[PDB]
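One structure is given here, and the rest of the page talks about it.
Here it is in structure tokens:
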């Protein structure tokens, strides 16, 4: 009721496909790097790995394709090449609606947080430049913070702890099924934003409490939702 909305203290955003329009790039880079290394990973499957750490993504692709674990050397080497390729494209731009929403969130007195499986320093160091005054490194969870990462609730549990928050004081904004699942398993109200080429149903099946087709529509409906 009025209780749910009034409990809110923080809004926890994924980065890729939520704040930055970076998913076409990640999909392309993952596909290409695996191809060079000798492994089949489609752009569609690469999309569906959104949320995981680079290390987890690589290990899981190795499991699925070769039926074995990647070594640490393979993880480091492939991740380096993935990063070179990703950074070779014209730098990813803001997702339309993201900045407008963040302004609404801040004006409501809520704390923005980033919870991401990313270790891409280019993107992470561009958060301040793209969303000025919004985020703080002490109020972010990245690949550097976690042992497991999404879909494990771990990164979202860590975010609640960093923010001094209980689960009912936060909302999660996610584009990815594995990220929705992590937020849901951490016990947090989760809003799915279907910014990729996915069936919106898979985000609902992952445990999303609300579904929107874009960040802009979420932004437009922000004052309306949660009673």
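In the authors' numbering, the protein residues as written are -2 to 224.
We put the beta carbon where it would ideally sit given N, CA and C, even for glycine.
Cβ-Cβ separation, residue j to residue i (assumed contact under 8 Å), whole Å
i, j, result
"residue 12", "residue 82", "About 18 Å; that fails the 8 Å criterion."
"residue 230", "residue 128", "Only positions -2 to 224 of the chain appear in the structure, and residue 230 is not among them; the question remains open."
"residue 197", "residue 177", "Not confirmed; about 11 Å, so no contact."
"residue 193", "residue 44", "5 Å"
"residue 131", "residue 101", "Residue 131 to residue 101, Cβ: 11 Å. No contact."
"residue 2", "residue 24", "Between residue 24 and residue 2 the Cβ distance is about 35 Å, and since that is not below 8 Å, they are no contact."
Residue j beta carbon less than 8 Å from that of residue i
i, j, result
"residue 208", "residue 179", "no"
"residue 115", "residue 95", "no"
"residue 160", "residue 124", "no"
"residue 72", "residue 56", "yes"
"residue 172", "residue 14", "yes"
"residue 79", "residue 112", "no"
"residue 174", "residue 199", "yes"
"residue -1", "residue 224", "yes"
Beta-carbon proximity list for residue i, same chain, < 8 Å, skipping 5 on both sides
i, result
"residue 142", "152, 155"
"residue 134", "none"
"residue 191", "172, 197, 200, 208, 209, 210, 211"
Cβ-based neighbour list, residue i, same chain, cut-off 7 Å, excluding 5 preceding and 5 following
i, result
"residue 98", "212, 215, 216, 219"
"residue 22", "83, 86, 89"
"residue 67", "55, 56, 59"
"residue 65", "59"
"residue 184", "164"
"residue 69", "none"
"residue 34", "75"
Any C-beta of chain B under 8 Å from that of residue i
i, result
"residue 38", "Protein chain content of the structure displayed is limited to a single chain, and chain B is not contained in it."
Same chain, Cβ closer than 6 Å to residue i, five either side skipped, listed in chain order
i, result
"residue 52", "72"
"residue 206", "186, 187"
"residue 195", "none"
Nearest neighbour of residue i, chosen from the options [CA to CA]
i, options, result
"residue 49", "27, 63, 3, -1", "27"
"residue 36", "224, 221, 54, 206", "54"
"residue 110", "162, 42, 181", "162"
"residue 108", "222, 157, 33", "157"
"residue 233", "105, 69, 62, 4", "This structure cannot speak to residue 233, because the chain is shown only from -2 to 224."
"residue 19", "47, 38, 65", "47"
"residue 92", "210, 221, 222", "210"
"residue 4", "117, 69, 105", "105"
Determine contact between the segment 2 to 11 and the segment 165 to 182, defined as no fewer than three beta-carbon pairs at a distance below 8 Å. yes
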